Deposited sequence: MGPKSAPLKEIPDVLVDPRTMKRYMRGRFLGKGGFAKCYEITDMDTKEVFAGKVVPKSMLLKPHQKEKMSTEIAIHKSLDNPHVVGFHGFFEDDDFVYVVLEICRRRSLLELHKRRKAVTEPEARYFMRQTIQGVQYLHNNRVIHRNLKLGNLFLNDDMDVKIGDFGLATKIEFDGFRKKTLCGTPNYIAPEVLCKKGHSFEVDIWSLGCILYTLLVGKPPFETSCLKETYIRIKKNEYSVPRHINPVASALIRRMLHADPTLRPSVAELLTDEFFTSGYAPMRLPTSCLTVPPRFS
């Protein structure tokens, strides 16, 4: 065998630097080797999401390097469409990270219940996500792992981009990989643009543009830029998807020109969504 027995997580998490006490509540899920819990600040009763990372899993300098980068980048962020960073601290056994809670989970869960969403809903989610990406890119941060699963939803259905594990400020394996990364041409902000393309396709079509049963065919389709937008999607959205998913990163749009595409400036664009949208189509 080749692993130490897991340490148990304290019932109360104390930040000695600020003397704050967070009562560990219910399990929220486990992402990578971290486990997340609902934590409650016992003086203020504010509730947060506590990411708990065992040090046993941070042993090599490369892993510590990684964690520290995710953290430095994320704490440098403050935007309504990015998951709020509320601090970090540590004992002998764990690194504890205090995050804005998103009780309505993620756009992946929404995708699983709804499959294809209505075009107005797509507008709403993509606009909010893109304003997020605009902020990140304006701060020279490339996310590099944008996917359904790290587009979080709060109780007002605002989108929060989280999971800065692969982020860098100007790797592991991203969900949607851009062709330039695969071809090893190096890569830049345009990578995020590609992923948004894959997300928009997915929100409107109901399935991913490239991913299939076998990983190696996915890769080929991505290199060759082989995908098809179904006929029932309208042209305006279809053209936006094609731009976003262009084989050449230099020819994908800037994040800055995304919100002025005709897909966003035409069509009904609700400014708010009810939580009912998590499970079934809205009124319209």
property: Ranges of the deposited sequence (numbered from 1) for which no C-alpha atom is modelled; result: 1-2, 173-182, 297
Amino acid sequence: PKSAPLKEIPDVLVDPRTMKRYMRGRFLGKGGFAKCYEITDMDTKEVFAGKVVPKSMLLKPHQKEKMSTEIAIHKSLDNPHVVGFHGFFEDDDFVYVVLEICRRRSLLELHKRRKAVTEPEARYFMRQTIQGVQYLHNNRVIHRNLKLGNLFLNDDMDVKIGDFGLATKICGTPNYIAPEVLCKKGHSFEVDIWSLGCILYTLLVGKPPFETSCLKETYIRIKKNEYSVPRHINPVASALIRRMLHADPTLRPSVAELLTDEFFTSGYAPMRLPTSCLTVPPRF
From here on, numbers count along this sequence of modelled residues.
property	result
Of 96-104 and 179-187, the one with larger mean CA B-factor	179-187
Higher-B stretch (mean Cα B-factor, as the entry records it), 63-71 or 26-34	63-71
Among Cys171, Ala116, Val159, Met126 - the residue whose C-alpha B-factor is largest in the record	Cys171
Residue with maximal Cα B-factor (values as given in the PDB entry) among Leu196, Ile142, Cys214, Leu110	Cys214
Chain thirds of CA B-factor: placement of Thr260	middle
Chain-relative CA temperature factor third for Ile9	middle
Position of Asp155 among the chain's modelled residues by C-alpha B-factor, lowest, middle or highest third	lowest
Chain third (lowest, middle, highest) by recorded CA B-factor, residue given as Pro16	highest
For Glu90, the third of its chain into which the C-alpha B factor falls	highest
